[PDB]
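Worksheet for the structure shown next.
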2 protein chains.
Amino acid sequence: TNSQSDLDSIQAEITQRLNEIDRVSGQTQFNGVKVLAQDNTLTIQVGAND
Amino acid sequence: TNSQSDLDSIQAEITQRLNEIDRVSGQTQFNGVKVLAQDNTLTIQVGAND
């Protein structure tokens, strides 16, 4: 039932939501560290030992 | 008993009724979807499942 003029608006919403989950993960930071932009290991020194 | 001048008028009525059932099915629509013009399946997503 949904027309193609409906699917244009639903696609406009879907691309805006996906641009938003690209933005909020692309530029978010704790102390200048992009948490979700790239994959890496953060190592925590939790002890006096090496 | 009916004369042929009668059958001309009855045929005029019958062709007008058939033009009307051609029109009201040719151009009727819910959200830009011609329901009776062509034969096809409308699938309803009635569940979260695919």
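How things are named: the first chain in the structure tokens is A, the next is B, and so on; residues count from 1 in each chain; ligands count from 1 in the order shown.
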For this session: Please give the complete set of residues from chain A that DSSP, run on the backbone, assigns to alpha helix (DSSP H), formatted as a list in words.
Result: residues 4, 5, 6, 7, 8, 9, 10, 11, 12, 13, 14, 15, 16, 17, 18, 19, 20, 21, 22, 23, 24, 25 and 26 of chain A
Output file for the selection above: N, CA and C atoms, as a PDB file, in the first residue's frame:
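Ended up saving to result.pdb:
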```pdb
ATOM      1  N   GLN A   4       5.187   5.397  -3.544  1.00  0.00           N
ATOM      2  CA  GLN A   4       6.611   5.684  -3.663  1.00  0.00           C
ATOM      3  C   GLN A   4       6.932   7.087  -3.170  1.00  0.00           C
ATOM      4  N   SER A   5       5.933   7.971  -3.154  1.00  0.00           N
ATOM      5  CA  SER A   5       6.107   9.261  -2.502  1.00  0.00           C
ATOM      6  C   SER A   5       6.155   9.108  -0.986  1.00  0.00           C
ATOM      7  N   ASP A   6       5.627   8.002  -0.460  1.00  0.00           N
ATOM      8  CA  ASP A   6       5.826   7.661   0.944  1.00  0.00           C
ATOM      9  C   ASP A   6       7.234   7.144   1.182  1.00  0.00           C
ATOM     10  N   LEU A   7       7.726   6.311   0.268  1.00  0.00           N
ATOM     11  CA  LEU A   7       9.021   5.682   0.458  1.00  0.00           C
ATOM     12  C   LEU A   7      10.149   6.687   0.309  1.00  0.00           C
ATOM     13  N   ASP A   8       9.919   7.767  -0.444  1.00  0.00           N
ATOM     14  CA  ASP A   8      10.897   8.849  -0.492  1.00  0.00           C
ATOM     15  C   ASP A   8      11.074   9.524   0.862  1.00  0.00           C
ATOM     16  N   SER A   9       9.978   9.778   1.576  1.00  0.00           N
ATOM     17  CA  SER A   9      10.074  10.403   2.893  1.00  0.00           C
ATOM     18  C   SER A   9      10.659   9.455   3.929  1.00  0.00           C
ATOM     19  N   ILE A  10      10.285   8.172   3.862  1.00  0.00           N
ATOM     20  CA  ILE A  10      10.838   7.196   4.802  1.00  0.00           C
ATOM     21  C   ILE A  10      12.334   7.009   4.562  1.00  0.00           C
ATOM     22  N   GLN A  11      12.765   7.048   3.300  1.00  0.00           N
ATOM     23  CA  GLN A  11      14.191   6.997   3.009  1.00  0.00           C
ATOM     24  C   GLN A  11      14.907   8.267   3.446  1.00  0.00           C
ATOM     25  N   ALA A  12      14.243   9.423   3.364  1.00  0.00           N
ATOM     26  CA  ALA A  12      14.839  10.659   3.863  1.00  0.00           C
ATOM     27  C   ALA A  12      15.066  10.599   5.368  1.00  0.00           C
ATOM     28  N   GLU A  13      14.084  10.078   6.108  1.00  0.00           N
ATOM     29  CA  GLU A  13      14.274   9.826   7.537  1.00  0.00           C
ATOM     30  C   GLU A  13      15.376   8.818   7.826  1.00  0.00           C
ATOM     31  N   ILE A  14      15.450   7.734   7.051  1.00  0.00           N
ATOM     32  CA  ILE A  14      16.431   6.694   7.338  1.00  0.00           C
ATOM     33  C   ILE A  14      17.847   7.195   7.065  1.00  0.00           C
ATOM     34  N   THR A  15      18.045   7.939   5.974  1.00  0.00           N
ATOM     35  CA  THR A  15      19.356   8.530   5.726  1.00  0.00           C
ATOM     36  C   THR A  15      19.714   9.601   6.743  1.00  0.00           C
ATOM     37  N   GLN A  16      18.734  10.322   7.292  1.00  0.00           N
ATOM     38  CA  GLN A  16      19.096  11.298   8.315  1.00  0.00           C
ATOM     39  C   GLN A  16      19.480  10.619   9.626  1.00  0.00           C
ATOM     40  N   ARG A  17      18.792   9.532   9.982  1.00  0.00           N
ATOM     41  CA  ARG A  17      19.169   8.769  11.168  1.00  0.00           C
ATOM     42  C   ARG A  17      20.537   8.118  11.014  1.00  0.00           C
ATOM     43  N   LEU A  18      20.865   7.638   9.816  1.00  0.00           N
ATOM     44  CA  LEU A  18      22.163   7.006   9.618  1.00  0.00           C
ATOM     45  C   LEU A  18      23.288   8.027   9.541  1.00  0.00           C
ATOM     46  N   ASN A  19      23.028   9.218   8.986  1.00  0.00           N
ATOM     47  CA  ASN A  19      23.987  10.314   9.089  1.00  0.00           C
ATOM     48  C   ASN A  19      24.220  10.706  10.536  1.00  0.00           C
ATOM     49  N   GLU A  20      23.182  10.614  11.361  1.00  0.00           N
ATOM     50  CA  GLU A  20      23.313  10.980  12.762  1.00  0.00           C
ATOM     51  C   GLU A  20      24.102   9.948  13.563  1.00  0.00           C
ATOM     52  N   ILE A  21      23.891   8.651  13.308  1.00  0.00           N
ATOM     53  CA  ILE A  21      24.735   7.652  13.972  1.00  0.00           C
ATOM     54  C   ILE A  21      26.127   7.569  13.370  1.00  0.00           C
ATOM     55  N   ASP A  22      26.346   8.165  12.197  1.00  0.00           N
ATOM     56  CA  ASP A  22      27.706   8.345  11.711  1.00  0.00           C
ATOM     57  C   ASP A  22      28.376   9.534  12.388  1.00  0.00           C
ATOM     58  N   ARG A  23      27.614  10.591  12.658  1.00  0.00           N
ATOM     59  CA  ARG A  23      28.186  11.782  13.280  1.00  0.00           C
ATOM     60  C   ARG A  23      28.491  11.556  14.753  1.00  0.00           C
ATOM     61  N   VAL A  24      27.549  10.986  15.509  1.00  0.00           N
ATOM     62  CA  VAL A  24      27.694  10.930  16.963  1.00  0.00           C
ATOM     63  C   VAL A  24      28.740   9.892  17.362  1.00  0.00           C
ATOM     64  N   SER A  25      29.143   9.039  16.425  1.00  0.00           N
ATOM     65  CA  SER A  25      30.248   8.132  16.691  1.00  0.00           C
ATOM     66  C   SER A  25      31.530   8.636  16.051  1.00  0.00           C
ATOM     67  N   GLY A  26      31.408   9.426  14.987  1.00  0.00           N
ATOM     68  CA  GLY A  26      32.596   9.964  14.352  1.00  0.00           C
ATOM     69  C   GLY A  26      33.290  11.002  15.211  1.00  0.00           C
TER      70      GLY A  26
END
```
Closest pair table for chain B residues within 7 Å of chain A, only C-alpha atoms, as a tab-separated table:
```
residue	atom	partner	partner_atom	distance
B:31	CA	A:3	CA	6.3
B:32	CA	A:3	CA	6.2
B:33	CA	A:1	CA	6.6
B:42	CA	A:1	CA	6.9
```
Exercise. For the atom pair CA of residue 30 in chain B and CA of residue 46 in chain B, what is the interatomic distance in Å to one decimal place?
Worked result: 18.8 Å
Exercise. Mind pulling up the distance from CA of residue 29 in chain B to CA of residue 43 in chain B?
Worked result: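 Spanning CA of residue 43 in chain B to CA of residue 29 in chain B is a straight-line distance of 16.7 Å.
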